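Enquirer: Here it is, the structure, as structure tokens.
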Amino acid sequence: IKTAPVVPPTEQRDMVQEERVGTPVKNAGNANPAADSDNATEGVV
Amino acid sequence: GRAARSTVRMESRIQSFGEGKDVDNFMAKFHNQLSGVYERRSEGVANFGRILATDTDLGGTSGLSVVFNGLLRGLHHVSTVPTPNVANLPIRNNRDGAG
Amino acid sequence: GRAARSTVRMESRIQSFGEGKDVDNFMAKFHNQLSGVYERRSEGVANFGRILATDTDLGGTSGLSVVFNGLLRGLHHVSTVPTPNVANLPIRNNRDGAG
Amino acid sequence: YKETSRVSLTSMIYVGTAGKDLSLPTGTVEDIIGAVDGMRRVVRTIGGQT
Amino acid sequence: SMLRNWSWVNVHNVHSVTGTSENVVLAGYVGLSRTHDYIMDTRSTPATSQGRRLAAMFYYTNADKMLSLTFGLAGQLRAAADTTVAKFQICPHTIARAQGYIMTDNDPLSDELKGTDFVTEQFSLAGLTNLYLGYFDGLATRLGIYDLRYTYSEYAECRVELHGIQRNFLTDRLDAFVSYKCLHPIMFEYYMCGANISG
Amino acid sequence: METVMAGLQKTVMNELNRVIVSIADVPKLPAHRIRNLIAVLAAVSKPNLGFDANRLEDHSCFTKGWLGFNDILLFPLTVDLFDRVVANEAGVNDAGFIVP
Amino acid sequence: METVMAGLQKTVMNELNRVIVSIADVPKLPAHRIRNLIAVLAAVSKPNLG
Amino acid sequence: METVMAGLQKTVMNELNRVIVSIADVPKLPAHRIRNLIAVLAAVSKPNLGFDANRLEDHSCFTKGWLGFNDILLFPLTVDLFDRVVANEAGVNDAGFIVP
Amino acid sequence: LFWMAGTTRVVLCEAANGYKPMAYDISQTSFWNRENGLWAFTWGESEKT
């Protein structure tokens, strides 16, 4: 048995951190966001 | 390297995390533990202790891809010259404009 | 040997094994068990104990067919010769230019 | 007025009176390797929660 | 000895094994999270058991063992780009047409095609690239590669483009209809398990 | 070291000055092999990996386009990394390997 | 030997540098016959048996 | 360019300093035609299209009444317009290489 | 024909009297060295060579 001094549970707080490597684009779920333009065969106002 | 056209950069950027903390308590833990190594109650130890307590990194352990990217790039560069002389593998030197 | 047309080769391919087995605790067993023969704190006993802890061999002890194949080949080579002389059984030497 | 279209990005080889050729974009890959369906793609999670 | 290594070649015939370029700007490892966790004794050692085996492998492995793995990955990616180039007909004429240029080897033909229904149907380089990255990502995964050329394309600080964009399309117009498939029809079968795209 | 930690501020790109790699314990390697990888880690950050143009007065396929990042700072959390780098493993016990 | 073990490594062909035949206990042959079969064991590796 | 971007500001009329026409990819026109239309794009901002009085010391039917706007700023989002302007295609008279 | 690509509509057909011999017979040419580009008509696959 080894009794060791630890940090009291009430003087620390677990905080969830979300780590990201880059900011997702506007049309993140779209494989081809350029197909709204390539399929505008009548024009756009 | 005449057709590469591809660049890789890494951002060692950080954020600020948490609210309601106590930075003096962590700063005490930091500079007390590393006391047989770096002298406590020092300007450098106080600075680094506060950045550790207040700031966190944004990429994290998921940003090690670039570090391993360039570690393999230099392994490939060295191991693909006909022989690793000083002639085949020059090292970037600080020239004075005149060479 | 004018009409032989058969060759045999053996590959010493090793694979990885032991998804979780704590390499550093085998390296302790290896350099302690073999301390009575080889110097325990050396870079060779740590290196060869690092290989044994991480890599096993692909299809071992079934490629002993080839080794026993070649030990029987040499036995017949030295025995189907008129007399085992140096004139009848040369050994390959290291010839330079002009032999 | 001939209305505008979008290029179909398929083989445009015609073989005369036999009409348009049989378009085999990937050849035999999709029969061996398997259908791909590039339209739906998943951005792998590089980051995470700590 | 450098002319013998094809240093004389047109640098516009050298294709990346993915057919794409890349500009990566990724938020990376700083080390403040790991040093914080060490002082609190929460997660002192972050290296896992699967990483200590992989680490030990790099200690006693020849560096030429890593180049054989990498040059086998490089050709497997070029076989997946060859499939994607062949699917969308990626050639100099196609890419130039995507940018408002009728590029043909026959000079009088491109002048006559201006007044026909050739200009009736149109497409964009952005749309052409987005189809190339979508199909290459799915195909390369099916070959068990898992490359992040599509993940990076969906990050706001990263841009992915086709490789043959920096060339002048008004110059070498006699190679207009030659595809960007780079490897022999037999080295394609070598990688793609007997499958072939041309013959 | 404490001089270095004093000027370890955050830049204007919301970016730390350097990359911190804190070493608590050292993987079992010869001292000379450890010093050699420190040379590599100091050069992995430099543009083109701290390598110069080696073929046709231009960069290779691998060192081209490497822009680099902020220099790695090996910040030992324990004295082990400090006395392993300067360790002379030739003829002395010195709590290290016997490497002839 | 401890220098030779420091040189063992996995080669380009995913093979080991050498072949380790580890002997724990030895058959009781006349010692001059141990030295002769070691000469054989060294030559069986070479092309054409040496 | 980075000096010019430091000078962009909102003016007294709640307007921007310039007009930013940002070009991502460039149409494949002969490079001498890119340099000519840039000359046009610079002059369309000026009063009376940058032209002078060519009849009766007055302005033309089309040139008159054009008050103009703020100067266009060609802002290349990629490097393919910066190298398109300075691209030289003349001097070559080979088949498949000549540009009229 | 296997490297023909493009988005234009062509009609592929064989030319009239298009069957003609090559310039040289590419079967007979091969390289002599792995270290340079010596290349000419070769010979020599005999019972011994």
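Letters for chains follow the order of the structure tokens (A, B, ...), residue numbers begin at 1 for each chain, and ligand numbers begin at 1 in the order shown.
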Give me the least-squares superposed chain H (reference chain F; all C-alpha atoms paired in order) as a short mmCIF file (atom, residue, chain, number, x, y, z; two decimals) with N, CA and C atoms, in the first residue's frame.
Expert:
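Now in superposed-v4.cif:
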data_model
loop_
_atom_site.label_atom_id
_atom_site.label_comp_id
_atom_site.auth_asym_id
_atom_site.auth_seq_id
_atom_site.Cartn_x
_atom_site.Cartn_y
_atom_site.Cartn_z
N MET H 1 17.20 29.11 -20.64
CA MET H 1 15.82 28.79 -20.99
C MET H 1 14.85 29.81 -20.41
N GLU H 2 15.09 30.26 -19.18
CA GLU H 2 14.15 31.19 -18.56
C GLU H 2 14.16 32.54 -19.26
N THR H 3 15.23 32.87 -19.98
CA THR H 3 15.21 34.05 -20.83
C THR H 3 14.38 33.80 -22.07
N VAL H 4 14.46 32.60 -22.63
CA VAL H 4 13.70 32.28 -23.84
C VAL H 4 12.21 32.25 -23.54
N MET H 5 11.81 31.73 -22.38
CA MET H 5 10.39 31.72 -22.05
C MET H 5 9.85 33.13 -21.87
N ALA H 6 10.68 34.07 -21.44
CA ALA H 6 10.23 35.44 -21.31
C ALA H 6 9.96 36.09 -22.66
N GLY H 7 10.41 35.49 -23.75
CA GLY H 7 10.23 36.01 -25.08
C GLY H 7 9.12 35.37 -25.88
N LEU H 8 8.47 34.34 -25.35
CA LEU H 8 7.34 33.74 -26.03
C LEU H 8 6.18 34.72 -26.06
N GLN H 9 5.50 34.79 -27.20
CA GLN H 9 4.41 35.73 -27.35
C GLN H 9 3.54 35.31 -28.52
N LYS H 10 2.33 35.85 -28.56
CA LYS H 10 1.43 35.63 -29.68
C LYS H 10 1.75 36.63 -30.78
N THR H 11 2.02 36.13 -31.98
CA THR H 11 2.51 36.95 -33.07
C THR H 11 1.33 37.58 -33.82
N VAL H 12 1.64 38.28 -34.92
CA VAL H 12 0.61 38.99 -35.68
C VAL H 12 -0.39 38.02 -36.29
N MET H 13 0.05 36.82 -36.64
CA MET H 13 -0.81 35.83 -37.27
C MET H 13 -1.56 34.98 -36.26
N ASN H 14 -1.73 35.47 -35.04
CA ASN H 14 -2.41 34.76 -33.96
C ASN H 14 -1.70 33.46 -33.60
N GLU H 15 -0.44 33.33 -33.98
CA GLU H 15 0.35 32.14 -33.72
C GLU H 15 1.27 32.38 -32.53
N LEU H 16 1.80 31.29 -32.00
CA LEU H 16 2.81 31.41 -30.96
C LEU H 16 4.18 31.64 -31.59
N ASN H 17 5.09 32.19 -30.78
CA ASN H 17 6.44 32.47 -31.24
C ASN H 17 7.14 31.20 -31.71
N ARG H 18 7.03 30.13 -30.93
CA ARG H 18 7.74 28.88 -31.21
C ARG H 18 6.78 27.70 -31.18
N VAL H 19 7.32 26.49 -31.23
CA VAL H 19 6.56 25.26 -31.04
C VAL H 19 7.18 24.54 -29.86
N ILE H 20 6.41 24.36 -28.79
CA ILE H 20 6.92 23.77 -27.57
C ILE H 20 6.67 22.27 -27.59
N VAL H 21 7.74 21.50 -27.66
CA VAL H 21 7.70 20.05 -27.56
C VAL H 21 8.25 19.71 -26.18
N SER H 22 7.37 19.51 -25.21
CA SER H 22 7.78 19.32 -23.83
C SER H 22 7.97 17.84 -23.54
N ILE H 23 9.16 17.50 -23.06
CA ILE H 23 9.57 16.11 -22.84
C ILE H 23 9.63 15.87 -21.34
N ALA H 24 8.80 14.94 -20.86
CA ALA H 24 8.77 14.60 -19.45
C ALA H 24 9.82 13.54 -19.12
N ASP H 25 9.72 12.38 -19.77
CA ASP H 25 10.73 11.34 -19.69
C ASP H 25 11.26 11.03 -21.09
N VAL H 26 12.52 10.61 -21.15
CA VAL H 26 13.22 10.49 -22.42
C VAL H 26 13.38 9.03 -22.81
N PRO H 27 13.18 8.67 -24.08
CA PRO H 27 13.51 7.32 -24.52
C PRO H 27 14.99 7.02 -24.32
N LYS H 28 15.28 5.78 -23.95
CA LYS H 28 16.65 5.37 -23.63
C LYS H 28 17.38 4.99 -24.91
N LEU H 29 17.73 6.01 -25.67
CA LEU H 29 18.61 5.87 -26.83
C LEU H 29 20.03 6.18 -26.42
N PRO H 30 21.02 5.68 -27.15
CA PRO H 30 22.40 6.09 -26.87
C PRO H 30 22.52 7.60 -26.99
N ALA H 31 23.26 8.19 -26.05
CA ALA H 31 23.25 9.64 -25.93
C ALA H 31 23.72 10.32 -27.20
N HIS H 32 24.62 9.68 -27.96
CA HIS H 32 25.05 10.27 -29.22
C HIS H 32 23.93 10.26 -30.25
N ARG H 33 22.93 9.42 -30.06
CA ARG H 33 21.76 9.42 -30.93
C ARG H 33 20.71 10.43 -30.48
N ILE H 34 20.73 10.84 -29.22
CA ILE H 34 19.89 11.94 -28.78
C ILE H 34 20.40 13.25 -29.36
N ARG H 35 21.72 13.45 -29.35
CA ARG H 35 22.27 14.68 -29.91
C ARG H 35 22.08 14.76 -31.41
N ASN H 36 22.03 13.62 -32.10
CA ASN H 36 21.83 13.65 -33.54
C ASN H 36 20.39 13.95 -33.91
N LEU H 37 19.42 13.37 -33.20
CA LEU H 37 18.03 13.66 -33.53
C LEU H 37 17.61 15.05 -33.10
N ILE H 38 18.32 15.66 -32.15
CA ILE H 38 18.06 17.05 -31.83
C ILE H 38 18.53 17.95 -32.97
N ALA H 39 19.65 17.59 -33.61
CA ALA H 39 20.08 18.31 -34.80
C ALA H 39 19.04 18.23 -35.90
N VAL H 40 18.37 17.08 -36.01
CA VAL H 40 17.31 16.91 -36.99
C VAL H 40 16.08 17.72 -36.60
N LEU H 41 15.71 17.67 -35.32
CA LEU H 41 14.53 18.39 -34.86
C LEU H 41 14.68 19.89 -35.02
N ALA H 42 15.91 20.39 -34.99
CA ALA H 42 16.14 21.81 -35.20
C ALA H 42 16.03 22.20 -36.66
N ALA H 43 16.34 21.29 -37.57
CA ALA H 43 16.37 21.59 -39.00
C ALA H 43 15.06 21.33 -39.70
N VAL H 44 14.15 20.57 -39.10
CA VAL H 44 12.89 20.27 -39.77
C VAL H 44 12.00 21.51 -39.82
N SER H 45 12.29 22.52 -39.01
CA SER H 45 11.50 23.75 -39.04
C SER H 45 11.85 24.62 -40.23
N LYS H 46 13.09 24.57 -40.70
CA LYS H 46 13.56 25.51 -41.69
C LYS H 46 12.92 25.23 -43.04
N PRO H 47 12.86 26.23 -43.91
CA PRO H 47 12.43 25.97 -45.28
C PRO H 47 13.34 24.96 -45.94
N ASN H 48 12.74 24.02 -46.67
CA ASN H 48 13.48 22.96 -47.35
C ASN H 48 14.33 22.16 -46.38
N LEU H 49 13.82 21.99 -45.16
CA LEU H 49 14.44 21.15 -44.13
C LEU H 49 15.83 21.63 -43.74
N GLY H 50 16.18 22.86 -44.06
CA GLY H 50 17.51 23.35 -43.76
C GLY H 50 18.57 22.89 -44.73
N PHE H 51 18.19 22.16 -45.76
CA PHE H 51 19.10 21.69 -46.79
C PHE H 51 19.23 22.73 -47.89
N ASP H 52 20.27 22.58 -48.69
CA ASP H 52 20.53 23.48 -49.80
C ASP H 52 20.16 22.81 -51.11
N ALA H 53 20.43 23.50 -52.21
CA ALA H 53 20.13 22.99 -53.54
C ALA H 53 21.23 22.03 -53.96
N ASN H 54 20.90 20.75 -54.11
CA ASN H 54 21.90 19.73 -54.36
C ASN H 54 21.86 19.13 -55.76
N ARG H 55 20.87 19.47 -56.58
CA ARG H 55 20.83 19.02 -57.97
C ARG H 55 20.36 20.16 -58.85
N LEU H 56 21.07 20.39 -59.95
CA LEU H 56 20.66 21.37 -60.97
C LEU H 56 20.43 22.75 -60.37
N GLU H 57 21.14 23.06 -59.28
CA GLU H 57 20.95 24.30 -58.53
C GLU H 57 19.51 24.48 -58.06
N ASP H 58 18.73 23.41 -58.06
CA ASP H 58 17.36 23.41 -57.57
C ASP H 58 17.27 22.48 -56.37
N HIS H 59 16.05 22.28 -55.87
CA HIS H 59 15.83 21.46 -54.70
C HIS H 59 15.40 20.06 -55.09
N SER H 60 15.41 19.17 -54.11
CA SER H 60 15.13 17.77 -54.35
C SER H 60 13.63 17.55 -54.50
N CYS H 61 13.26 16.32 -54.82
CA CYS H 61 11.85 15.97 -54.91
C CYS H 61 11.18 16.06 -53.55
N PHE H 62 11.91 15.74 -52.49
CA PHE H 62 11.41 15.69 -51.12
C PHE H 62 11.65 17.00 -50.39
N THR H 63 12.79 17.63 -50.64
CA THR H 63 13.15 18.87 -49.98
C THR H 63 12.36 20.06 -50.50
N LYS H 64 11.83 19.98 -51.72
CA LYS H 64 11.09 21.10 -52.29
C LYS H 64 9.64 21.09 -51.84
N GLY H 65 9.10 22.28 -51.60
CA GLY H 65 7.75 22.42 -51.13
C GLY H 65 7.59 22.39 -49.63
N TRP H 66 8.68 22.23 -48.90
CA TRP H 66 8.65 22.28 -47.44
C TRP H 66 8.86 23.73 -47.03
N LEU H 67 7.77 24.41 -46.69
CA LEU H 67 7.87 25.79 -46.26
C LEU H 67 8.35 25.91 -44.83
N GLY H 68 8.05 24.92 -44.00
CA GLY H 68 8.50 24.91 -42.62
C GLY H 68 7.45 25.43 -41.66
N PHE H 69 7.87 25.57 -40.41
CA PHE H 69 7.04 26.18 -39.38
C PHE H 69 7.95 26.92 -38.41
N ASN H 70 7.38 27.34 -37.28
CA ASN H 70 8.16 27.99 -36.24
C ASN H 70 9.07 26.98 -35.56
N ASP H 71 10.19 27.47 -35.04
CA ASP H 71 11.21 26.59 -34.50
C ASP H 71 10.70 25.83 -33.29
N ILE H 72 11.01 24.54 -33.24
CA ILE H 72 10.67 23.72 -32.09
C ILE H 72 11.44 24.22 -30.88
N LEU H 73 10.81 24.15 -29.72
CA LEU H 73 11.45 24.47 -28.44
C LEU H 73 11.36 23.21 -27.59
N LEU H 74 12.47 22.50 -27.46
CA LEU H 74 12.50 21.35 -26.57
C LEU H 74 12.42 21.86 -25.14
N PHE H 75 11.30 21.58 -24.48
CA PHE H 75 11.04 22.09 -23.14
C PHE H 75 11.03 20.94 -22.15
N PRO H 76 12.18 20.58 -21.58
CA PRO H 76 12.20 19.46 -20.63
C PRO H 76 11.43 19.80 -19.36
N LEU H 77 10.38 19.02 -19.10
CA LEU H 77 9.64 19.14 -17.86
C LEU H 77 10.35 18.50 -16.68
N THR H 78 11.38 17.70 -16.94
CA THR H 78 12.24 17.12 -15.92
C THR H 78 13.69 17.33 -16.33
N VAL H 79 14.62 16.87 -15.50
CA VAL H 79 16.04 17.06 -15.78
C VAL H 79 16.65 15.91 -16.57
N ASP H 80 15.85 14.94 -17.01
CA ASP H 80 16.42 13.76 -17.64
C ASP H 80 16.67 13.92 -19.13
N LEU H 81 16.26 15.02 -19.74
CA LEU H 81 16.72 15.30 -21.10
C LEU H 81 17.89 16.27 -21.10
N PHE H 82 17.99 17.12 -20.08
CA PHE H 82 19.12 18.03 -19.98
C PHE H 82 20.41 17.27 -19.73
N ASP H 83 20.36 16.20 -18.94
CA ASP H 83 21.54 15.39 -18.67
C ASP H 83 21.73 14.26 -19.67
N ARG H 84 20.73 13.98 -20.50
CA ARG H 84 20.85 12.96 -21.52
C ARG H 84 21.67 13.44 -22.71
N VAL H 85 21.55 14.71 -23.07
CA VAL H 85 22.28 15.24 -24.22
C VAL H 85 23.77 15.29 -23.92
N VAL H 86 24.15 15.82 -22.76
CA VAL H 86 25.55 15.94 -22.39
C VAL H 86 26.13 14.65 -21.86
N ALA H 87 25.35 13.58 -21.80
CA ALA H 87 25.85 12.31 -21.31
C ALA H 87 26.91 11.75 -22.24
N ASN H 88 28.03 11.32 -21.67
CA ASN H 88 29.14 10.77 -22.42
C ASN H 88 29.22 9.28 -22.15
N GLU H 89 29.15 8.48 -23.21
CA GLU H 89 29.18 7.03 -23.09
C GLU H 89 30.37 6.40 -23.80
N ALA H 90 31.21 7.19 -24.45
CA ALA H 90 32.34 6.67 -25.19
C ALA H 90 33.58 6.59 -24.29
N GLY H 91 34.61 5.93 -24.81
CA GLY H 91 35.84 5.74 -24.09
C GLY H 91 35.88 4.50 -23.22
N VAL H 92 34.77 3.80 -23.08
CA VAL H 92 34.67 2.62 -22.23
C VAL H 92 34.51 1.40 -23.13
N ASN H 93 35.36 0.40 -22.93
CA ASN H 93 35.31 -0.82 -23.74
C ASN H 93 35.22 -2.06 -22.86
N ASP H 94 34.53 -1.95 -21.73
CA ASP H 94 34.33 -3.10 -20.86
C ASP H 94 33.12 -3.90 -21.32
N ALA H 95 33.06 -5.15 -20.89
CA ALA H 95 31.91 -5.98 -21.20
C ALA H 95 30.74 -5.56 -20.32
N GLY H 96 29.60 -5.29 -20.95
CA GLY H 96 28.46 -4.74 -20.26
C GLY H 96 28.50 -3.24 -20.08
N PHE H 97 29.55 -2.58 -20.55
CA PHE H 97 29.69 -1.14 -20.46
C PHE H 97 29.87 -0.46 -21.81
N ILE H 98 30.33 -1.19 -22.83
CA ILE H 98 30.61 -0.58 -24.11
C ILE H 98 29.31 -0.30 -24.85
N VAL H 99 29.23 0.88 -25.46
CA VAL H 99 28.12 1.28 -26.32
C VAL H 99 28.67 1.42 -27.73
N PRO H 100 28.17 0.66 -28.70
CA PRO H 100 28.74 0.74 -30.05
C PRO H 100 28.48 2.10 -30.70
#
Enquirer: Just list as JSON, numbers by chain whatever in chain I DSSP marks as strand (DSSP E or B).
Expert: {"I": [4, 10, 11, 29, 30, 31, 39, 40, 41]}
Enquirer: Find the residues near stretch 194-199 of chain E: any atom within 8 Å, counting only C-alpha atoms, skip ones fewer than 2 places away on the same chain, and give them as an MDAnalysis selection string.
Expert: (chainID D and resid 24:29 32:33) or (chainID E and resid 83 86 185 188:192) or (chainID I and resid 2)
Enquirer: Have a look at E:121, E:64, E:105, E:154 and name the one nearest to chain H; count only C-alpha atoms.
Expert: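 Counting only C-alpha atoms, the residue closest to chain H is E:105.
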Enquirer: Counting only C-alpha atoms, which residues of chain D fall within 7 Å of chain E, and what is the closest atom pair for each with its distance in Å at one decimal, ordered by chain and rising number, as CSV?
Expert:
residue,atom,partner,partner_atom,distance
D:3,CA,E:120,CA,6.9
D:4,CA,E:120,CA,4.9
D:5,CA,E:121,CA,4.2
D:6,CA,E:121,CA,4.9
D:7,CA,E:121,CA,5.7
D:9,CA,E:88,CA,5.2
D:10,CA,E:88,CA,6.6
D:25,CA,E:87,CA,4.4
D:26,CA,E:197,CA,5.3
D:27,CA,E:197,CA,4.0
D:28,CA,E:195,CA,5.4
D:29,CA,E:195,CA,5.4
D:32,CA,E:195,CA,6.4
D:36,CA,E:139,CA,5.5
D:37,CA,E:138,CA,6.7
D:38,CA,E:135,CA,3.9
D:39,CA,E:134,CA,6.2
D:41,CA,E:134,CA,6.4
D:43,CA,E:151,CA,4.8
D:44,CA,E:151,CA,6.3
Enquirer: Let me see the file: selected residues, N, CA and C atoms, as a PDB file, in the first residue's frame.
Expert:
ATOM      1  N   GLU D   3     -30.199  25.773 -77.213  1.00  0.00           N
ATOM      2  CA  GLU D   3     -30.060  25.969 -75.780  1.00  0.00           C
ATOM      3  C   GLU D   3     -28.704  25.486 -75.281  1.00  0.00           C
ATOM      4  N   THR D   4     -28.211  26.149 -74.240  1.00  0.00           N
ATOM      5  CA  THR D   4     -26.938  25.785 -73.640  1.00  0.00           C
ATOM      6  C   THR D   4     -27.045  24.459 -72.901  1.00  0.00           C
ATOM      7  N   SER D   5     -25.952  23.708 -72.911  1.00  0.00           N
ATOM      8  CA  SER D   5     -25.851  22.456 -72.184  1.00  0.00           C
ATOM      9  C   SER D   5     -24.554  22.446 -71.390  1.00  0.00           C
ATOM     10  N   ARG D   6     -24.362  21.386 -70.617  1.00  0.00           N
ATOM     11  CA  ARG D   6     -23.156  21.180 -69.833  1.00  0.00           C
ATOM     12  C   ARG D   6     -22.419  19.978 -70.408  1.00  0.00           C
ATOM     13  N   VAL D   7     -21.105  20.110 -70.603  1.00  0.00           N
ATOM     14  CA  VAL D   7     -20.348  19.038 -71.236  1.00  0.00           C
ATOM     15  C   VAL D   7     -20.408  17.789 -70.371  1.00  0.00           C
ATOM     16  N   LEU D   9     -18.506  15.081 -70.447  1.00  0.00           N
ATOM     17  CA  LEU D   9     -17.205  14.537 -70.054  1.00  0.00           C
ATOM     18  C   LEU D   9     -17.133  13.031 -70.284  1.00  0.00           C
ATOM     19  N   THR D  10     -17.730  12.575 -71.376  1.00  0.00           N
ATOM     20  CA  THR D  10     -17.654  11.191 -71.810  1.00  0.00           C
ATOM     21  C   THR D  10     -16.943  11.134 -73.153  1.00  0.00           C
ATOM     22  N   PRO D  25     -15.619   4.574 -69.584  1.00  0.00           N
ATOM     23  CA  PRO D  25     -14.757   5.569 -68.938  1.00  0.00           C
ATOM     24  C   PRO D  25     -13.597   4.946 -68.181  1.00  0.00           C
ATOM     25  N   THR D  26     -13.899   4.069 -67.228  1.00  0.00           N
ATOM     26  CA  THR D  26     -12.891   3.442 -66.388  1.00  0.00           C
ATOM     27  C   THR D  26     -12.502   2.046 -66.850  1.00  0.00           C
ATOM     28  N   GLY D  27     -13.055   1.562 -67.953  1.00  0.00           N
ATOM     29  CA  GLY D  27     -12.699   0.242 -68.430  1.00  0.00           C
ATOM     30  C   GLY D  27     -13.281  -0.878 -67.596  1.00  0.00           C
ATOM     31  N   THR D  28     -12.420  -1.622 -66.907  1.00  0.00           N
ATOM     32  CA  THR D  28     -12.833  -2.764 -66.106  1.00  0.00           C
ATOM     33  C   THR D  28     -12.622  -2.513 -64.618  1.00  0.00           C
ATOM     34  N   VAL D  29     -12.204  -1.305 -64.242  1.00  0.00           N
ATOM     35  CA  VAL D  29     -11.859  -1.038 -62.851  1.00  0.00           C
ATOM     36  C   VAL D  29     -13.075  -1.212 -61.953  1.00  0.00           C
ATOM     37  N   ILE D  32     -13.879  -4.803 -61.199  1.00  0.00           N
ATOM     38  CA  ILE D  32     -12.917  -5.509 -60.363  1.00  0.00           C
ATOM     39  C   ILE D  32     -12.821  -4.816 -59.014  1.00  0.00           C
ATOM     40  N   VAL D  36     -17.466   3.156 -57.304  1.00  0.00           N
ATOM     41  CA  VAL D  36     -16.813   4.192 -56.513  1.00  0.00           C
ATOM     42  C   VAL D  36     -17.816   5.177 -55.930  1.00  0.00           C
ATOM     43  N   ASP D  37     -18.659   5.776 -56.775  1.00  0.00           N
ATOM     44  CA  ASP D  37     -19.627   6.790 -56.347  1.00  0.00           C
ATOM     45  C   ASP D  37     -18.912   7.970 -55.678  1.00  0.00           C
ATOM     46  N   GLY D  38     -18.193   8.715 -56.514  1.00  0.00           N
ATOM     47  CA  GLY D  38     -17.527   9.913 -56.045  1.00  0.00           C
ATOM     48  C   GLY D  38     -18.455  11.029 -55.613  1.00  0.00           C
ATOM     49  N   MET D  39     -19.744  10.951 -55.951  1.00  0.00           N
ATOM     50  CA  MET D  39     -20.669  12.024 -55.591  1.00  0.00           C
ATOM     51  C   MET D  39     -20.784  12.178 -54.082  1.00  0.00           C
ATOM     52  N   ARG D  41     -18.943  11.743 -50.666  1.00  0.00           N
ATOM     53  CA  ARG D  41     -17.622  11.593 -50.080  1.00  0.00           C
ATOM     54  C   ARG D  41     -17.659  12.083 -48.642  1.00  0.00           C
ATOM     55  N   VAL D  43     -15.556  13.599 -45.450  1.00  0.00           N
ATOM     56  CA  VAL D  43     -14.367  14.290 -44.965  1.00  0.00           C
ATOM     57  C   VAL D  43     -13.954  13.621 -43.660  1.00  0.00           C
ATOM     58  N   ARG D  44     -12.818  12.930 -43.676  1.00  0.00           N
ATOM     59  CA  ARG D  44     -12.354  12.235 -42.484  1.00  0.00           C
ATOM     60  C   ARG D  44     -12.080  13.230 -41.367  1.00  0.00           C
TER      61      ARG D  44
END
Enquirer: Write out as a ChimeraX atom specification each polymer residue whose atoms come within 9 Å of residue B:51, counting only C-alpha atoms; drop sequence neighbours fewer than 3 positions from it.
Expert: /B:46-48,54-56 /E:32 /F:8-10
Enquirer: Take the residues just selected and output them with N, CA and C atoms as a PDB file, in the first residue's frame.
Expert:
ATOM      1  N   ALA B  46       8.178  31.946 -14.769  1.00  0.00           N
ATOM      2  CA  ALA B  46       6.885  32.571 -14.525  1.00  0.00           C
ATOM      3  C   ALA B  46       6.137  32.820 -15.825  1.00  0.00           C
ATOM      4  N   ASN B  47       6.849  33.236 -16.873  1.00  0.00           N
ATOM      5  CA  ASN B  47       6.204  33.478 -18.158  1.00  0.00           C
ATOM      6  C   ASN B  47       5.639  32.190 -18.738  1.00  0.00           C
ATOM      7  N   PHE B  48       6.468  31.151 -18.831  1.00  0.00           N
ATOM      8  CA  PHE B  48       6.015  29.899 -19.420  1.00  0.00           C
ATOM      9  C   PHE B  48       4.950  29.232 -18.567  1.00  0.00           C
ATOM     10  N   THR B  54      -2.970  29.374 -19.070  1.00  0.00           N
ATOM     11  CA  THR B  54      -4.023  30.152 -19.704  1.00  0.00           C
ATOM     12  C   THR B  54      -4.298  29.757 -21.146  1.00  0.00           C
ATOM     13  N   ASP B  55      -3.293  29.285 -21.874  1.00  0.00           N
ATOM     14  CA  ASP B  55      -3.392  29.031 -23.302  1.00  0.00           C
ATOM     15  C   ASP B  55      -3.339  27.537 -23.584  1.00  0.00           C
ATOM     16  N   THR B  56      -4.021  27.127 -24.646  1.00  0.00           N
ATOM     17  CA  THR B  56      -3.942  25.767 -25.153  1.00  0.00           C
ATOM     18  C   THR B  56      -3.772  25.823 -26.659  1.00  0.00           C
TER      19      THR B  56
ATOM     20  N   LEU E  32       1.486  22.716 -25.728  1.00  0.00           N
ATOM     21  CA  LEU E  32       0.975  23.271 -24.485  1.00  0.00           C
ATOM     22  C   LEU E  32      -0.018  22.339 -23.810  1.00  0.00           C
TER      23      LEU E  32
ATOM     24  N   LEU F   8       8.960  33.863 -24.707  1.00  0.00           N
ATOM     25  CA  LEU F   8       8.165  32.853 -25.398  1.00  0.00           C
ATOM     26  C   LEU F   8       6.717  33.309 -25.544  1.00  0.00           C
ATOM     27  N   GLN F   9       6.525  34.463 -26.169  1.00  0.00           N
ATOM     28  CA  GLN F   9       5.218  35.099 -26.233  1.00  0.00           C
ATOM     29  C   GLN F   9       4.428  34.642 -27.454  1.00  0.00           C
ATOM     30  N   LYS F  10       3.174  35.077 -27.503  1.00  0.00           N
ATOM     31  CA  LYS F  10       2.293  34.840 -28.636  1.00  0.00           C
ATOM     32  C   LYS F  10       2.430  35.966 -29.651  1.00  0.00           C
TER      33      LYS F  10
END
Enquirer: Write out as a PyMOL selection string every residue belonging to chain D that has an atom at most 12 Å from any atom of chain B, counting only C-alpha atoms.
Expert: chain D and resi 45-50
